[PDB]
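Notes for the one structure printed next.
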Amino acid sequence: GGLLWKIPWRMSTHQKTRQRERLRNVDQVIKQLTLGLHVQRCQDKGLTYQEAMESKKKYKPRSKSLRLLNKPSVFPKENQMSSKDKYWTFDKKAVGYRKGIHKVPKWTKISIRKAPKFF
Amino acid sequence: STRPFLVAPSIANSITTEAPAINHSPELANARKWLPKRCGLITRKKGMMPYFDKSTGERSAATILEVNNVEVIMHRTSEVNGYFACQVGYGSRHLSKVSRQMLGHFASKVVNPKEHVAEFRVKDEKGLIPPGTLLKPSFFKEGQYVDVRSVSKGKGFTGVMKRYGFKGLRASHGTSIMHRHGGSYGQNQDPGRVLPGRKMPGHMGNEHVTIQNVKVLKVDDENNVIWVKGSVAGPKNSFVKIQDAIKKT
Amino acid sequence: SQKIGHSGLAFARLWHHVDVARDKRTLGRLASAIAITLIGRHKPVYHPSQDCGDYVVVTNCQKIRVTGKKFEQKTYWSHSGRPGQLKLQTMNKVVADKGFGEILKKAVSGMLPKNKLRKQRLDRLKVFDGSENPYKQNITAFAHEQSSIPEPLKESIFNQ
Amino acid sequence: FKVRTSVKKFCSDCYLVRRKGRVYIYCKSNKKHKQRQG
Amino acid sequence: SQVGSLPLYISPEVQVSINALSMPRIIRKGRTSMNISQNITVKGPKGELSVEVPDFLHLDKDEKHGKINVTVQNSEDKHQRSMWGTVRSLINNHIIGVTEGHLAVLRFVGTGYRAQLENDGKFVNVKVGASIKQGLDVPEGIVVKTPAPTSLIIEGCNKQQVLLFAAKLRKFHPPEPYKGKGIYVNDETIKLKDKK
RNA sequence: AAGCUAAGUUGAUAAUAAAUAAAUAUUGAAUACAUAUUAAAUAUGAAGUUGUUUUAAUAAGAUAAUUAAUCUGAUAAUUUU
RNA sequence: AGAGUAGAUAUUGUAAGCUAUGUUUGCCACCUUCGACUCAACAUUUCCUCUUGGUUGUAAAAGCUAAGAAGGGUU
RNA sequence: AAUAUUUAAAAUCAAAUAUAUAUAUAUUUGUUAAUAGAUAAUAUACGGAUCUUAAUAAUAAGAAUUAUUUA
RNA sequence: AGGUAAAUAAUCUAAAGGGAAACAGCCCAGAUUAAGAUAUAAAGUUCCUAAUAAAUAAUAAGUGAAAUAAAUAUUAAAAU
Ligand SMILES: [Mg+2]
Ligand SMILES: [Mg+2]
Ligand SMILES: [Mg+2]
Ligand SMILES: [Mg+2]
Ligand SMILES: [Mg+2]
Ligand SMILES: [Mg+2]
Ligand SMILES: [Mg+2]
Ligand SMILES: [Mg+2]
Ligand SMILES: [Mg+2]
Ligand SMILES: [Mg+2]
Ligand SMILES: [Mg+2]
Ligand SMILES: [Mg+2]
Ligand SMILES: [Mg+2]
Ligand SMILES: [Mg+2]
Ligand SMILES: [Mg+2]
Ligand SMILES: [Mg+2]
Ligand SMILES: [Mg+2]
Ligand SMILES: [Mg+2]
Ligand SMILES: [Mg+2]
Ligand SMILES: [Mg+2]
Ligand SMILES: [Mg+2]
Ligand SMILES: [Zn+2]
């Protein structure tokens with residue numbers, strides 16, 4: 001290994017904060033998507049925008065992917081997530097079966113919340 | 001009446017504390033030093049001749065160091081100069097030769113215009129000789145040991161064989177054009193440079209040389225010479241310092 | 001418009017005292033603080049192209065704070081160029097040789113920007129192991145501060 | 001002294017000491033049980 | 001803790017005082033610190049001697065029954081608790097020394113193994129199998145005396161100093177195992193090996 | 001013969017001192033014992049370290065003289081230490 | 001494990017286990033001269049010299065083994 | 001206090017979210033540290049300086065390391 | 001193996017700019033020409049060097065501080 005890819009094995013505090021913020025943003029996006037759908041469905045039934053926003057009973061999304069994203073068991077929120085799953089991917093060939101998320105290529109775009117139950 | 005001045009509280013209200021003594025101070029260095037308890041005298045190496053011991057019969061080569069107008073010009077002290085030393089002056093010189101400033105200095109110290117001046121550093125204030133006095137060969141005792149400083153014979157631009165005792169290359173068996181050369185002068189690229197102090201041809205001799213623990217064979221105030229056992233660095237008429245041996249008593 | 005006027009006072013080299021006995025900062029933090037002053041970053045008239053930093057007189061430098069076991073561990077290096085001449089001195093040894101002021105100076109040097117003005121900036125730092133120093137008389141002072149100081153002390157300082 | 005990475009006390013008369021940033025095991029009875037952790 | 005809690009008995013002739021130092025010094029550890037302020041003294045018949053001690057520690061002198069106690073400001077602080085047991089023990093040792101005096105018998109074992117007072121008590125010459133002469137000067141406070149040539153006695157008010165001196169004396173020739181042979185401080189023993 | 005030379009001659013292998021390494025101790029808790037302390041105190045300890053000694057460089061400081069009928073240098077000549 | 005008159009750990013240490021080194025023989029293919037003489041510089045994983053621990057297997061003397069140690073020396 | 005394991009949130013408990021709802025069900029989160037082991041050849045090599053705080057005493061410093069976070 | 005052989009994606013190839021000390025291929029981001037007020041990305045905010053203040057724990061080993069070295073040993077700490 002003569003070429004030096006000087007990437008540290010762990011993240012800095014600032015990196016971790018940025019990661020957390022990014023995670024929070026994707027959750028927010030999902031929430032917005034569900035909310036807009038609900039609003040649209042209220043409008044279709046025949047309420048005003050404000051009335052729809054007020055509504056006690058929020059409509060859950062019917063499409064599959066959205067419904068999965070909504071579930072925390074499948075796609076957890078940043079507040080829900082463990083410290084470890086925010087900053088460590090599962091890597092079967094690593095010692096500890098764990099690897100920094102920053103070592104994943106395009107980790108800033110690519111999402112990866114859920115690790116295996118005991119790894 | 002008083003002049004205008006302002007003073008900072010930070011510098012006024014600063015609690016007074018003396019600085020700790022440092023190794024690279026003069027006074028610490030002086031304390032460390034291995035120095036003789038007595039002054040010395042400047043001499044000239046007049047030549048060299050045999051000394052026969054009349055009891056045993058043993059012959060010893062002795063250098064004849066002449067002592068002429070040797071005089072304590074002034075001396076230095078720890079409080080002013082940082083060390084204790086006696087500025088000795090040897091011989092007599094013309095007006096013509098000596099600088100106006102030097103002549104004035106000699107007049108102030110009340111000595112004749114001098115042929116060679118040199119310091120002789122000592123341990124204590126007790127070792128200092130009163131200034132103006134004349135130092136004669138009887139200063140030293142016969143059989144005592146002395147250190148001897150002088151500038152060696154100049155050998156000119158010398159080779160590595162004469163300088164450093166390099167073996168050189170062979171005389172025969174193919175040897176071409178490099179019989180007295182130093183051979184290799186380094187290493188292929190790790191250093192990529194001839195490293196400092198690589199023994200190379202250069203000027204040799206004409207440097208100072210202390211010779212320690214030389215025995216004072218004979219002292220006589222009549223002929224104005226100190227006999228000293230063995231060799232002394234430099235040519236004839238070269239100036240030679242003489243002080244008690246620090247190593248030998 | 002803002003720049004136009006008499007600028008002589010802005011570019012004036014002031015003299016800044018720091019009684020190390022009073023100051024509670026550790027060595028490195030103190031050195032870092034000094035470095036800024038030496039550069040002239042504290043003053044708004046500053047420009048990178050112009051050296052416009054103040055003098056810093058450090059005093060009672062024997063009472064400088066050093067954390068951990070750095071006083072007996074921390075090694076200062078040196079090398080001429082000739083191999084086998086790496087000179088490694090521990091902090092305490094360096095102090096014994098020169099002083100705590102030398103140590104501070106080294107820190108300050110390392111803090112400073114590496115260019116032709118660095119040496120000048122380093123020179124402006126004036127460090128002293130104990131209290132007494134020649135620059136006592138030239139530290140910045142004000143008339144409003146004079147009531148705090150007792151009467152004869154000022155006279156003694158002036159005499160000194 | 002047996003200078004080694006592993007430093008266990010052998011007999012009851014052995015006693016462990018922590019000096020100079022090194023675990024020593026001295027012993028009052030058997031002098032062979034003297035060990036040092038690196 | 002268990003040591004420091006034990007109260008010290010005093011006889012009327014001896015006085016255990018305490019007072020602040022002229023210039024208190026601070027011991028600085030990595031994280032923790034320890035400021036030596038107070039200075040305990042144990043004055044008595046044979047002599048007087050002192051212990052420089054931290055600020056957190058302080059005595060509790062009772063008039064009744066001649067007892068005095070020692071306590072720290074925080075026993076749950078580990079360093080303080082460790083100091084407490086030490087200091088109490090030290091002042092007990094001092095008390096013992098000033099009232100009775102500490103003793104250290106050295107018995108020399110070997111053919112021509114013996115001690116001698118050379119400089120009128122001020123230098124214990126020790127001859128223990130060496131061409132060169134061996135020995136060392138007695139410190140201040142220590143008084144040495146030789147009932148026999150082969151049985152020296154060191155005596156002093158400080159338990160620390162006397163026993164250090166004894167150890168130094170021994171260090172010229174500690175007991176060999178093959179022949180019980182050397183310098184034995186107090187009740188010192190050695191398991192003799194089989195000759196073979 | 002001088003000179004130059006080693007086959008020759010003379011001298012040196014630079015102390016005392018200081019702090020240390022492994023190692024050896026003192027008193028002594030934390031931890032009723034024990035423990036040289038990876039606690040506070042107190043000691044020993046190396047052809048090593050710091051130094052010391054020697055050489056070269058540098059020039060803080062010091063003595064003196066200060067527009068010169070002979071101030072200080074250089075150019076020039078006769079030279080070799 | 002096992003040798004070591006007895007006792008695995010004075011000294012020895014099967015086969016299997018965990019590392020370091022880049023001093024050997026390889027593998028890869030980014031990259032197209034052995035020895036002698038002369039002068040050596042550096043490292044320490046120390047052969048000698050200095051200090052020291054262990055050695056029913058240190059009585060002594062020779063050793064054996066281990067810790068510190070690169071100042072000087074090493075046909 | 002002593003002996004012997006484990007270093008764990010699966011179970012268990014605690015806390016939080018979502019469905020009927022002062023409760024139940026389902027989901028999510030929370031379970032050690034230091035040192036030694038440690039190691040070669042131009043030169044210390046976190047990029048370098050340097051970073052572990054301290055009452056008296058500051059209009060004032062007190063990780064610039066690791067872990068979980070906030071603005 | 002900086003090895004070799006192919007599979008998928010990206011970049012380099014042919015991509016300048018910021019970060020990763022320096023850096024073809026990593027992390028951001030695609031230079032039409034300027035301007036430099038506002039949002040920023042990755043990465044940072046004691047000084048060198050543009051920018052910082054806090055909270056709660058732990059470390060005392062300069063451990064570590066942008067390239068994590070193993071079995072094992074010792075000393076603690078929790079829970080049973
Ligand atoms: Mg020849
Ligand atoms: Mg020819
Ligand atoms: Mg000879
Ligand atoms: Mg006890
Ligand atoms: Mg004991
Ligand atoms: Mg020595
Ligand atoms: Mg067997
Ligand atoms: Mg095997
Ligand atoms: Mg023997
Ligand atoms: Mg070694
Ligand atoms: Mg030396
Ligand atoms: Mg659970
Ligand atoms: Mg290195
Ligand atoms: Mg960095
Ligand atoms: Mg390839
Ligand atoms: Mg091409
Ligand atoms: Mg690019
Ligand atoms: Mg492209
Ligand atoms: Mg474009
Ligand atoms: Mg480090
Ligand atoms: Mg690193
Ligand atoms: Zn034992």
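Letters A, B, ... go to the chains of the structure tokens in the order shown; residues in each chain start at 1; ligands are counted from 1 in the same order.
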To check your reading of the model: which residues sit at most 8 Å from ligand 13 when counting only C-alpha atoms (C1' of nucleotides) and all ligand atoms? Write the answer as a ChimeraX atom specification.
/H:43-45
Same residues, N, CA and C atoms (P, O5', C5', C4', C3', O3' and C1' of nucleotides), output as a PDB file, in the first residue's frame:
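Written out: again_28.pdb:
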ATOM      1  P     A H  43      20.785  10.975  11.651  1.00  0.00           P
ATOM      2  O5'   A H  43      19.229  10.971  11.989  1.00  0.00           O
ATOM      3  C5'   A H  43      18.763  11.130  13.340  1.00  0.00           C
ATOM      4  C4'   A H  43      17.491  11.941  13.360  1.00  0.00           C
ATOM      5  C3'   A H  43      16.376  11.454  12.435  1.00  0.00           C
ATOM      6  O3'   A H  43      15.110  11.552  13.081  1.00  0.00           O
ATOM      7  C1'   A H  43      16.952  13.679  11.887  1.00  0.00           C
ATOM      8  P     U H  44      14.623  10.399  14.089  1.00  0.00           P
ATOM      9  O5'   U H  44      13.766  11.200  15.167  1.00  0.00           O
ATOM     10  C5'   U H  44      14.387  12.007  16.188  1.00  0.00           C
ATOM     11  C4'   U H  44      13.341  12.734  17.009  1.00  0.00           C
ATOM     12  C3'   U H  44      11.911  12.644  16.489  1.00  0.00           C
ATOM     13  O3'   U H  44      11.279  11.512  17.084  1.00  0.00           O
ATOM     14  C1'   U H  44      12.478  14.917  16.883  1.00  0.00           C
ATOM     15  P     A H  45      10.417  10.494  16.196  1.00  0.00           P
ATOM     16  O5'   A H  45       9.459  11.460  15.369  1.00  0.00           O
ATOM     17  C5'   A H  45       8.364  12.128  16.019  1.00  0.00           C
ATOM     18  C4'   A H  45       7.603  12.985  15.037  1.00  0.00           C
ATOM     19  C3'   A H  45       6.919  12.246  13.882  1.00  0.00           C
ATOM     20  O3'   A H  45       5.546  12.601  13.763  1.00  0.00           O
ATOM     21  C1'   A H  45       8.172  14.075  13.063  1.00  0.00           C
TER      22        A H  45
END
- [ ] Taking the DSSP assignment computed from this structure's backbone, write out as a ChimeraX atom specification all residues of chain A that belong to strand (DSSP E).
- [x] /A:88-90,98-100
**Item:** ligand 6 neighbours within 10 Å using only C-alpha atoms (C1' of nucleotides) and all ligand atoms, as a PyMOL selection string
**Value:** (chain F and resi 46-49) or (chain G and resi 50-51)
Output N, CA, C and O atoms (P, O5', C5', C4', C3', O3' and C1' of nucleotides) of each residue in that selection to a file, as a PDB file, in the first residue's frame.
ATOM      1  P     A F  46      28.131   4.382  40.187  1.00  0.00           P
ATOM      2  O5'   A F  46      28.162   3.996  38.641  1.00  0.00           O
ATOM      3  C5'   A F  46      28.638   2.701  38.241  1.00  0.00           C
ATOM      4  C4'   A F  46      28.464   2.482  36.756  1.00  0.00           C
ATOM      5  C3'   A F  46      29.157   3.460  35.815  1.00  0.00           C
ATOM      6  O3'   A F  46      30.542   3.145  35.692  1.00  0.00           O
ATOM      7  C1'   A F  46      27.018   2.787  34.971  1.00  0.00           C
ATOM      8  P     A F  47      31.643   4.306  35.531  1.00  0.00           P
ATOM      9  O5'   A F  47      32.447   3.863  34.229  1.00  0.00           O
ATOM     10  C5'   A F  47      31.772   3.654  32.974  1.00  0.00           C
ATOM     11  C4'   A F  47      32.673   4.024  31.820  1.00  0.00           C
ATOM     12  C3'   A F  47      31.984   4.749  30.665  1.00  0.00           C
ATOM     13  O3'   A F  47      32.082   6.154  30.892  1.00  0.00           O
ATOM     14  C1'   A F  47      33.113   2.829  29.843  1.00  0.00           C
ATOM     15  P     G F  48      31.437   7.199  29.862  1.00  0.00           P
ATOM     16  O5'   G F  48      30.071   6.496  29.437  1.00  0.00           O
ATOM     17  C5'   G F  48      29.726   6.291  28.056  1.00  0.00           C
ATOM     18  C4'   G F  48      28.227   6.220  27.887  1.00  0.00           C
ATOM     19  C3'   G F  48      27.504   7.549  28.014  1.00  0.00           C
ATOM     20  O3'   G F  48      27.539   8.265  26.783  1.00  0.00           O
ATOM     21  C1'   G F  48      26.447   5.962  29.405  1.00  0.00           C
ATOM     22  P     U F  49      28.005   9.799  26.755  1.00  0.00           P
ATOM     23  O5'   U F  49      26.793  10.553  27.460  1.00  0.00           O
ATOM     24  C5'   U F  49      25.448  10.421  26.959  1.00  0.00           C
ATOM     25  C4'   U F  49      24.494  11.295  27.742  1.00  0.00           C
ATOM     26  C3'   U F  49      24.987  12.697  28.069  1.00  0.00           C
ATOM     27  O3'   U F  49      24.707  13.583  26.987  1.00  0.00           O
ATOM     28  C1'   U F  49      24.182  11.674  30.041  1.00  0.00           C
TER      29        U F  49
ATOM     30  P     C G  50      34.664  -4.925  32.873  1.00  0.00           P
ATOM     31  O5'   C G  50      33.740  -3.650  33.114  1.00  0.00           O
ATOM     32  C5'   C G  50      34.315  -2.377  33.467  1.00  0.00           C
ATOM     33  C4'   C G  50      33.242  -1.336  33.695  1.00  0.00           C
ATOM     34  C3'   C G  50      32.040  -1.759  34.523  1.00  0.00           C
ATOM     35  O3'   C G  50      32.311  -1.752  35.922  1.00  0.00           O
ATOM     36  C1'   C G  50      31.285  -0.657  32.588  1.00  0.00           C
ATOM     37  P     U G  51      31.747  -2.924  36.868  1.00  0.00           P
ATOM     38  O5'   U G  51      30.214  -2.531  37.056  1.00  0.00           O
ATOM     39  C5'   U G  51      29.850  -1.262  37.630  1.00  0.00           C
ATOM     40  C4'   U G  51      28.356  -1.034  37.561  1.00  0.00           C
ATOM     41  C3'   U G  51      27.456  -2.145  38.070  1.00  0.00           C
ATOM     42  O3'   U G  51      27.421  -2.201  39.493  1.00  0.00           O
ATOM     43  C1'   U G  51      26.599  -1.335  36.031  1.00  0.00           C
TER      44        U G  51
END
ask   = Which polymer residues have any atom within 6 Å of an atom of range 64-66 of chain B, counting only C-alpha atoms (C1' of nucleotides), with same-chain residues fewer than 3 positions away left out, as a ChimeraX atom specification?
value = /B:43-48,224-227
Define the interface residues of chain E facing chain F as those within 7 Å, counting only C-alpha atoms (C1' of nucleotides), and report them as a PyMOL selection string.
-> chain E and resi 2-3+78+81-83+85-86+159-160+163-164+167
Expected file contents, prior selection, C-alpha atoms, as an mmCIF file, in the first residue's frame:
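Saved result, selection_13.cif, follows:
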data_model
loop_
_atom_site.group_PDB
_atom_site.id
_atom_site.type_symbol
_atom_site.label_atom_id
_atom_site.label_comp_id
_atom_site.auth_asym_id
_atom_site.auth_seq_id
_atom_site.Cartn_x
_atom_site.Cartn_y
_atom_site.Cartn_z
ATOM 1 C CA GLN E 2 -8.478 2.583 59.562
ATOM 2 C CA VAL E 3 -4.974 3.740 60.593
ATOM 3 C CA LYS E 78 -8.622 9.039 47.814
ATOM 4 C CA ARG E 81 -7.414 9.361 52.772
ATOM 5 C CA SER E 82 -4.021 7.923 51.777
ATOM 6 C CA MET E 83 -2.241 10.904 53.337
ATOM 7 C CA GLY E 85 -3.025 7.131 57.436
ATOM 8 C CA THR E 86 0.570 8.163 56.645
ATOM 9 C CA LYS E 159 12.604 6.275 62.891
ATOM 10 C CA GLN E 160 13.038 7.055 59.183
ATOM 11 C CA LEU E 163 16.695 2.755 59.771
ATOM 12 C CA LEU E 164 17.875 4.341 56.497
ATOM 13 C CA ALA E 167 20.251 -0.052 55.633
#
A straight line from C1' of residue 62 in chain I to CA of residue 68 in chain C spans 7.8 Å
Could the residues that lie within 12 Å of ligand 9, counting only C-alpha atoms (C1' of nucleotides) and all ligand atoms, be listed as a PyMOL selection string?
-> chain G and resi 55+58-64
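Backbone DSSP over range 82-234 of chain B gives helix (DSSP H, G or I) for residues 100, 101, 102, 103, 104, 105, 106, 107, 108, 109, 137, 138, 139, 160, 161, 162, 163 and 164 of chain B.
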Using only N, CA and C atoms, please write the residues we just selected to a file, as a PDB file, in the first residue's frame.
ATOM      1  N   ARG B 100      49.642  53.642  17.795  1.00  0.00           N
ATOM      2  CA  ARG B 100      49.485  54.779  18.725  1.00  0.00           C
ATOM      3  C   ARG B 100      48.607  54.415  19.919  1.00  0.00           C
ATOM      4  N   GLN B 101      47.503  53.739  19.619  1.00  0.00           N
ATOM      5  CA  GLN B 101      46.540  53.289  20.621  1.00  0.00           C
ATOM      6  C   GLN B 101      47.176  52.302  21.588  1.00  0.00           C
ATOM      7  N   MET B 102      47.929  51.356  21.033  1.00  0.00           N
ATOM      8  CA  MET B 102      48.659  50.379  21.839  1.00  0.00           C
ATOM      9  C   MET B 102      49.720  51.027  22.719  1.00  0.00           C
ATOM     10  N   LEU B 103      50.458  51.983  22.158  1.00  0.00           N
ATOM     11  CA  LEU B 103      51.449  52.755  22.918  1.00  0.00           C
ATOM     12  C   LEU B 103      50.828  53.474  24.114  1.00  0.00           C
ATOM     13  N   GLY B 104      49.681  54.108  23.877  1.00  0.00           N
ATOM     14  CA  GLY B 104      48.906  54.765  24.932  1.00  0.00           C
ATOM     15  C   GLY B 104      48.439  53.809  26.015  1.00  0.00           C
ATOM     16  N   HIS B 105      47.973  52.634  25.593  1.00  0.00           N
ATOM     17  CA  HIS B 105      47.590  51.545  26.504  1.00  0.00           C
ATOM     18  C   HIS B 105      48.749  51.096  27.392  1.00  0.00           C
ATOM     19  N   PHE B 106      49.912  50.908  26.773  1.00  0.00           N
ATOM     20  CA  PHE B 106      51.128  50.518  27.491  1.00  0.00           C
ATOM     21  C   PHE B 106      51.591  51.587  28.482  1.00  0.00           C
ATOM     22  N   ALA B 107      51.482  52.851  28.075  1.00  0.00           N
ATOM     23  CA  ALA B 107      51.790  53.997  28.941  1.00  0.00           C
ATOM     24  C   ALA B 107      50.883  54.052  30.167  1.00  0.00           C
ATOM     25  N   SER B 108      49.595  53.802  29.942  1.00  0.00           N
ATOM     26  CA  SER B 108      48.589  53.750  31.009  1.00  0.00           C
ATOM     27  C   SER B 108      48.884  52.643  32.016  1.00  0.00           C
ATOM     28  N   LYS B 109      49.218  51.465  31.494  1.00  0.00           N
ATOM     29  CA  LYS B 109      49.588  50.307  32.321  1.00  0.00           C
ATOM     30  C   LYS B 109      51.033  50.381  32.834  1.00  0.00           C
ATOM     31  N   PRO B 137      62.295  33.420  35.168  1.00  0.00           N
ATOM     32  CA  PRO B 137      62.235  31.945  35.118  1.00  0.00           C
ATOM     33  C   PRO B 137      62.099  31.242  36.478  1.00  0.00           C
ATOM     34  N   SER B 138      62.653  31.846  37.531  1.00  0.00           N
ATOM     35  CA  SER B 138      62.512  31.355  38.912  1.00  0.00           C
ATOM     36  C   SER B 138      61.065  31.265  39.428  1.00  0.00           C
ATOM     37  N   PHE B 139      60.120  31.882  38.712  1.00  0.00           N
ATOM     38  CA  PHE B 139      58.681  31.636  38.893  1.00  0.00           C
ATOM     39  C   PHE B 139      58.397  30.142  39.049  1.00  0.00           C
ATOM     40  N   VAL B 160      45.657  13.946   2.121  1.00  0.00           N
ATOM     41  CA  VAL B 160      45.030  13.077   3.128  1.00  0.00           C
ATOM     42  C   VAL B 160      45.964  12.014   3.722  1.00  0.00           C
ATOM     43  N   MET B 161      47.062  11.708   3.028  1.00  0.00           N
ATOM     44  CA  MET B 161      48.077  10.790   3.547  1.00  0.00           C
ATOM     45  C   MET B 161      48.843  11.439   4.700  1.00  0.00           C
ATOM     46  N   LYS B 162      49.292  12.677   4.495  1.00  0.00           N
ATOM     47  CA  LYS B 162      50.022  13.420   5.527  1.00  0.00           C
ATOM     48  C   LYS B 162      49.098  13.961   6.621  1.00  0.00           C
ATOM     49  N   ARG B 163      47.943  14.500   6.224  1.00  0.00           N
ATOM     50  CA  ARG B 163      46.933  14.989   7.176  1.00  0.00           C
ATOM     51  C   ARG B 163      46.463  13.901   8.126  1.00  0.00           C
ATOM     52  N   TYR B 164      45.876  12.859   7.545  1.00  0.00           N
ATOM     53  CA  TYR B 164      45.086  11.884   8.291  1.00  0.00           C
ATOM     54  C   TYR B 164      45.659  10.465   8.318  1.00  0.00           C
TER      55      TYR B 164
END
Enumerate, in order of chain and increasing residue number, the residues of chain C with an atom no farther than 12 Å from chain H, each with its shortest atom pair and distance in Å to one decimal, counting only C-alpha atoms (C1' of nucleotides), as CSV.
residue,atom,partner,partner_atom,distance
C:19,CA,H:58,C1',11.7
C:20,CA,H:61,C1',11.9
C:21,CA,H:57,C1',10.7
C:22,CA,H:58,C1',7.7
C:23,CA,H:61,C1',7.7
C:24,CA,H:61,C1',5.2
C:25,CA,H:61,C1',4.3
C:26,CA,H:53,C1',7.1
C:27,CA,H:50,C1',8.7
C:28,CA,H:50,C1',5.5
C:29,CA,H:50,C1',8.2
C:30,CA,H:61,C1',8.8
C:31,CA,H:50,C1',8.9
C:32,CA,H:49,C1',8.6
C:33,CA,H:61,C1',11.0
C:35,CA,H:49,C1',10.5
C:63,CA,H:54,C1',11.9
C:64,CA,H:53,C1',11.5
C:65,CA,H:53,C1',8.0
C:66,CA,H:53,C1',8.6
C:67,CA,H:52,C1',6.2
C:68,CA,H:52,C1',6.0
C:69,CA,H:52,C1',9.6
C:70,CA,H:52,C1',10.3
C:74,CA,H:44,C1',10.6
C:75,CA,H:44,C1',7.8
C:76,CA,H:44,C1',7.5
C:77,CA,H:44,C1',5.4
C:78,CA,H:44,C1',7.9
C:79,CA,H:43,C1',6.9
C:80,CA,H:43,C1',9.5
C:81,CA,H:43,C1',8.3
C:82,CA,H:42,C1',8.2
C:83,CA,H:42,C1',5.7
C:84,CA,H:42,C1',8.4
C:85,CA,H:43,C1',8.5
C:86,CA,H:43,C1',6.3
C:87,CA,H:44,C1',9.1
C:88,CA,H:44,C1',7.5
C:89,CA,H:44,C1',10.3
C:90,CA,H:44,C1',11.5
C:103,CA,H:50,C1',11.5
C:104,CA,H:50,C1',10.9
C:105,CA,H:49,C1',10.8
C:106,CA,H:49,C1',8.2
C:107,CA,H:49,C1',5.8
C:108,CA,H:49,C1',7.5
C:109,CA,H:49,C1',7.5
C:110,CA,H:49,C1',3.9
C:111,CA,H:49,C1',5.0
C:112,CA,H:49,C1',8.2
C:113,CA,H:49,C1',10.4
C:114,CA,H:48,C1',10.4
Show me, as a PyMOL selection string, the residues that have an atom within 7 Å of range 102-115 of chain E when counting only C-alpha atoms (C1' of nucleotides), minus same-chain residues fewer than 2 positions from it.
chain E and resi 97+100+124-128+149-159+162-163+166+181-186
Residues within 9 Å of ligand 22 (only C-alpha atoms (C1' of nucleotides) and all ligand atoms), as a compact mmCIF listing (two decimals) with N, CA and C atoms, in the first residue's frame?
# COMPACT_ATOMS: atom_id res chain seq x y z
N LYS D 9 1.91 -14.09 39.77
CA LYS D 9 2.54 -14.46 41.04
C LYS D 9 2.45 -15.97 41.24
N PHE D 10 3.60 -16.60 41.50
CA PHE D 10 3.69 -18.07 41.55
C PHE D 10 3.23 -18.64 42.88
N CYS D 11 3.95 -18.30 43.95
CA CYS D 11 3.65 -18.80 45.30
C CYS D 11 2.89 -17.76 46.12
N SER D 12 2.50 -18.15 47.33
CA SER D 12 1.85 -17.24 48.28
C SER D 12 2.78 -16.11 48.75
N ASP D 13 4.07 -16.41 48.85
CA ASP D 13 5.08 -15.43 49.29
C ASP D 13 5.45 -14.38 48.23
N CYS D 14 5.04 -14.59 46.97
CA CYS D 14 5.16 -13.57 45.93
C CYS D 14 4.25 -12.39 46.24
N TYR D 15 4.69 -11.18 45.88
CA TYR D 15 3.87 -9.98 46.00
C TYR D 15 4.12 -9.03 44.83
N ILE D 25 6.90 -8.29 40.10
CA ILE D 25 6.54 -9.30 41.08
C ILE D 25 7.82 -9.70 41.79
N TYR D 26 7.96 -9.21 43.02
CA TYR D 26 9.00 -9.66 43.93
C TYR D 26 8.45 -10.82 44.74
N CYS D 27 9.34 -11.50 45.46
CA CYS D 27 8.97 -12.62 46.30
C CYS D 27 9.90 -12.73 47.50
N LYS D 28 9.31 -13.00 48.67
CA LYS D 28 10.05 -13.06 49.93
C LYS D 28 10.73 -14.42 50.15
N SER D 29 10.12 -15.50 49.68
CA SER D 29 10.67 -16.85 49.85
C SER D 29 11.63 -17.24 48.71
N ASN D 30 11.07 -17.47 47.52
CA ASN D 30 11.84 -17.95 46.37
C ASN D 30 12.29 -16.79 45.49
N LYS D 31 13.60 -16.67 45.30
CA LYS D 31 14.19 -15.57 44.54
C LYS D 31 14.04 -15.75 43.02
N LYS D 32 13.80 -16.99 42.59
CA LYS D 32 13.48 -17.30 41.19
C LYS D 32 12.17 -16.67 40.70
N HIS D 33 11.24 -16.39 41.62
CA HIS D 33 9.94 -15.82 41.27
C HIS D 33 9.95 -14.31 40.95
N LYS D 34 11.12 -13.67 40.98
CA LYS D 34 11.23 -12.26 40.58
C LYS D 34 10.92 -12.06 39.10
* Residues within 8 Å of residue 42 in chain I, only C-alpha atoms (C1' of nucleotides), excluding chain neighbours under 6 positions, as an MDAnalysis selection string -> chainID I and resid 18:19 27:28
Find the residues near ligand 17. Use a cut-off of 10 Å, count only C-alpha atoms (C1' of nucleotides) and all ligand atoms, and write them as number ranges by chain. I: 11-12, 15-17, 24-25, 29-30
